[PDB]
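**Q** Pasting an experimental structure with its sequence.
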Amino acid sequence: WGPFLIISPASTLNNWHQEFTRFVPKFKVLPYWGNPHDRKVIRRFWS
DNA sequence: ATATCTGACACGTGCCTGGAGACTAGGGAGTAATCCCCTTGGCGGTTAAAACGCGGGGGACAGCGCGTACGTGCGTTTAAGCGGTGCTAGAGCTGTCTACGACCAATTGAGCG
(Lines give C-alpha, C1' and ligand atoms only; values in the text may rest on other atoms or scores of the structure.)
Protein backbone atom coordinates (compact mmCIF):
# COMPACT_ATOMS: atom_id res chain seq x y z
CA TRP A 1 0.00 0.00 0.00
CA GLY A 2 3.04 2.38 -0.17
CA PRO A 3 3.88 5.03 -2.84
CA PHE A 4 6.55 3.91 -5.42
CA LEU A 5 8.19 5.19 -8.66
CA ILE A 6 9.80 3.66 -11.80
CA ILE A 7 12.22 5.45 -14.17
CA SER A 8 12.80 3.74 -17.55
CA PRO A 9 14.00 4.18 -21.19
CA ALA A 10 11.09 5.52 -23.28
CA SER A 11 10.57 2.42 -25.53
CA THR A 12 9.73 0.39 -22.31
CA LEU A 13 6.77 2.66 -21.32
CA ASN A 14 4.43 -0.23 -22.35
CA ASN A 15 5.60 -3.55 -20.81
CA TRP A 16 6.04 -1.62 -17.48
CA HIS A 17 2.18 -1.36 -17.33
CA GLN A 18 1.36 -4.70 -19.12
CA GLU A 19 3.33 -6.68 -16.45
CA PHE A 20 0.88 -5.29 -13.84
CA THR A 21 -1.96 -6.92 -15.88
CA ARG A 22 -0.61 -10.54 -15.40
CA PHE A 23 2.04 -11.00 -12.64
CA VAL A 24 -0.20 -9.28 -10.03
CA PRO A 25 -3.10 -7.18 -11.54
CA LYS A 26 -4.07 -5.62 -8.13
CA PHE A 27 -1.72 -2.57 -8.19
CA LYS A 28 -2.80 1.10 -8.55
CA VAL A 29 -0.26 1.92 -11.33
CA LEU A 30 -0.05 5.33 -13.10
CA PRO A 31 1.85 5.91 -16.41
CA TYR A 32 3.37 9.42 -16.91
CA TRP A 33 4.32 10.73 -20.43
CA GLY A 34 2.84 12.82 -23.36
CA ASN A 35 2.21 16.52 -24.25
CA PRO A 36 2.20 18.82 -21.11
CA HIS A 37 -1.59 18.55 -20.51
CA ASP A 38 -1.55 14.81 -21.38
CA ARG A 39 0.97 14.21 -18.54
CA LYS A 40 0.74 17.02 -15.87
CA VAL A 41 -3.07 16.69 -15.55
CA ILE A 42 -2.70 13.19 -13.96
CA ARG A 43 -1.26 15.00 -10.86
CA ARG A 44 -4.73 16.63 -10.42
CA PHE A 45 -6.30 13.13 -10.14
CA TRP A 46 -3.98 11.57 -7.46
CA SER A 47 -3.84 14.70 -5.19
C1' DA B 1 55.36 13.90 -21.67
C1' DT B 2 51.07 13.84 -19.98
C1' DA B 3 46.34 14.48 -18.00
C1' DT B 4 42.38 15.75 -20.22
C1' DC B 5 40.19 19.09 -22.82
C1' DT B 6 36.76 21.16 -26.93
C1' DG B 7 35.15 19.97 -30.90
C1' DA B 8 32.45 16.98 -34.30
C1' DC B 9 28.22 15.91 -36.02
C1' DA B 10 25.79 12.54 -34.57
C1' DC B 11 20.04 10.79 -32.87
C1' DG B 12 17.75 11.23 -27.88
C1' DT B 13 12.62 13.50 -27.02
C1' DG B 14 10.85 17.84 -25.48
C1' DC B 15 8.08 21.86 -27.14
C1' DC B 16 4.77 24.11 -30.51
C1' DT B 17 3.90 25.20 -35.14
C1' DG B 18 1.62 24.01 -38.83
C1' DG B 19 -1.23 20.89 -42.67
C1' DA B 20 -4.97 18.25 -44.51
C1' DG B 21 -8.72 15.13 -43.96
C1' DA B 22 -14.07 13.85 -43.00
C1' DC B 23 -17.86 15.29 -40.45
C1' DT B 24 -21.92 18.49 -39.31
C1' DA B 25 -24.89 22.33 -39.95
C1' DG B 26 -24.24 27.43 -40.10
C1' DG B 27 -24.72 30.46 -43.56
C1' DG B 28 -23.79 31.86 -47.90
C1' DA B 29 -25.59 32.35 -52.67
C1' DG B 30 -29.77 32.34 -55.93
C1' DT B 31 -34.41 34.40 -56.64
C1' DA B 32 -39.08 36.88 -56.90
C1' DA B 33 -42.28 40.46 -55.18
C1' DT B 34 -42.68 44.88 -54.97
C1' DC B 35 -41.94 48.88 -53.16
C1' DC B 36 -39.93 52.88 -52.61
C1' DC B 37 -35.51 55.32 -54.33
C1' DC B 38 -32.03 57.87 -56.51
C1' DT B 39 -32.87 60.46 -59.64
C1' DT B 40 -34.63 63.61 -63.61
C1' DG B 41 -36.31 68.22 -64.08
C1' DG B 42 -39.54 73.11 -63.95
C1' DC B 43 -40.39 76.80 -60.41
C1' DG B 44 -39.07 82.49 -59.20
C1' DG B 45 -38.02 84.23 -53.44
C1' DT B 46 -33.75 84.74 -52.75
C1' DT B 47 -28.57 85.83 -52.72
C1' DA B 48 -23.65 85.40 -55.98
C1' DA B 49 -21.82 88.43 -59.16
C1' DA B 50 -19.44 92.97 -60.28
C1' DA B 51 -19.02 98.75 -60.64
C1' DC B 52 -19.06 103.70 -58.38
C1' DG B 53 -18.11 106.54 -54.53
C1' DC B 54 -16.31 106.11 -50.54
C1' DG B 55 -14.75 104.86 -45.08
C1' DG B 56 -11.52 102.21 -42.47
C1' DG B 57 -7.01 101.71 -42.05
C1' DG B 58 -2.65 99.29 -44.57
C1' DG B 59 1.52 100.90 -45.26
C1' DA B 60 7.15 102.76 -44.48
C1' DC B 61 9.67 105.38 -41.24
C1' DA B 62 12.90 107.17 -37.15
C1' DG B 63 14.70 105.77 -32.75
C1' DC B 64 13.42 104.77 -27.63
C1' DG B 65 14.38 101.37 -24.58
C1' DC B 66 12.38 96.27 -21.17
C1' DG B 67 14.29 92.49 -22.94
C1' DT B 68 17.03 89.50 -25.42
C1' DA B 69 21.06 87.06 -26.38
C1' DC B 70 26.53 84.93 -24.92
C1' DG B 71 29.42 81.63 -22.20
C1' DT B 72 32.15 81.49 -17.55
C1' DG B 73 31.68 81.02 -12.22
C1' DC B 74 31.26 77.96 -8.30
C1' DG B 75 28.53 75.00 -5.53
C1' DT B 76 25.06 72.16 -6.23
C1' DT B 77 23.45 68.38 -9.65
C1' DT B 78 23.18 63.40 -10.95
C1' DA B 79 26.47 59.67 -11.85
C1' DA B 80 28.19 55.31 -10.46
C1' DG B 81 28.88 50.32 -8.35
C1' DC B 82 27.40 46.89 -5.67
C1' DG B 83 25.95 45.60 -0.57
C1' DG B 84 21.26 43.56 1.18
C1' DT B 85 16.59 41.51 0.44
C1' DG B 86 11.03 42.53 -0.73
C1' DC B 87 8.95 42.55 -4.62
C1' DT B 88 7.44 40.16 -8.23
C1' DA B 89 5.45 36.47 -12.06
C1' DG B 90 5.44 31.98 -12.43
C1' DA B 91 2.45 28.96 -11.98
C1' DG B 92 -0.20 25.32 -9.66
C1' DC B 93 -5.00 25.05 -8.31
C1' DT B 94 -8.90 25.79 -6.80
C1' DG B 95 -13.87 27.25 -5.80
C1' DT B 96 -17.05 28.91 -7.28
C1' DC B 97 -20.28 33.50 -9.86
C1' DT B 98 -20.45 35.41 -13.47
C1' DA B 99 -21.34 35.98 -18.20
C1' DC B 100 -23.01 33.28 -21.59
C1' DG B 101 -26.47 29.17 -23.06
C1' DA B 102 -31.77 27.02 -23.21
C1' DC B 103 -37.20 27.69 -22.67
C1' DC B 104 -40.93 31.21 -23.33
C1' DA B 105 -43.31 35.98 -21.76
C1' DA B 106 -44.59 42.05 -22.86
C1' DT B 107 -44.10 44.85 -26.51
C1' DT B 108 -43.44 46.02 -31.36
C1' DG B 109 -44.20 46.44 -36.79
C1' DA B 110 -47.18 45.22 -40.43
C1' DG B 111 -52.03 45.31 -42.65
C1' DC B 112 -55.69 48.65 -44.41
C1' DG B 113 -59.58 50.15 -43.10
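**A** Now that the structure is in, tell me what you want to look at. Numbers count the residues shown, from 1 in each chain, chains lettered A, B, ... in the order given.
**Q** Can you pull the phi/psi pair for residue A:23?
**A** phi -70, psi -50 (degrees, to the nearest 10).
**Q** Could you measure from it over to residue A:39?
**A** 25 Å (Cβ to Cβ, to the nearest Å). Using the backbone N, CA and C atoms, a C-beta is placed for each residue, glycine as well.
**Q** What is the burial count for residue A:19?
**A** For residue A:19, the count of nearby residues is 13 (other Cβ atoms under 10 Å).
**Q** again, but for residue A:11
**A** With other Cβ under 10 Å as criterion, residue A:11 counts 7.
**Q** Show me which of residue A:23 and residue A:39 is the more surrounded one.
**A** For the pair residue A:23 and residue A:39, the greater number of neighbours falls to residue A:39 (12 against 8), based on other Cβ under 10 Å.
**Q** check contacts around that one.
**A** Counting by Cβ atoms under 8 Å, 6 or more residues apart in numbering, residue A:39 makes contact with A:32, A:33.
**Q** give me the element it is part of.
**A** Residue A:39 belongs to helix A:36-39 when assigned by DSSP states H and E.
**Q** does any part of that helix sit near DNA strand B?
**A** Yes. Residues of helix A:36-39 are located near DNA strand B by Cβ under 7 Å from any atom of the strand, namely A:36, A:39.
**Q** Which residue, other than its chain neighbours, is closest to the residue positioned nearest the centre of chain A?
**A** Per Cα atoms, centre = their mean, the C-alpha nearest to the average position across chain A is that of residue A:31, at 2.2 Å. Among residues not flanking residue A:31 along the chain, residue A:17 sits closest, at 5.7 Å (Cβ to Cβ, 6 or more residues apart in numbering).
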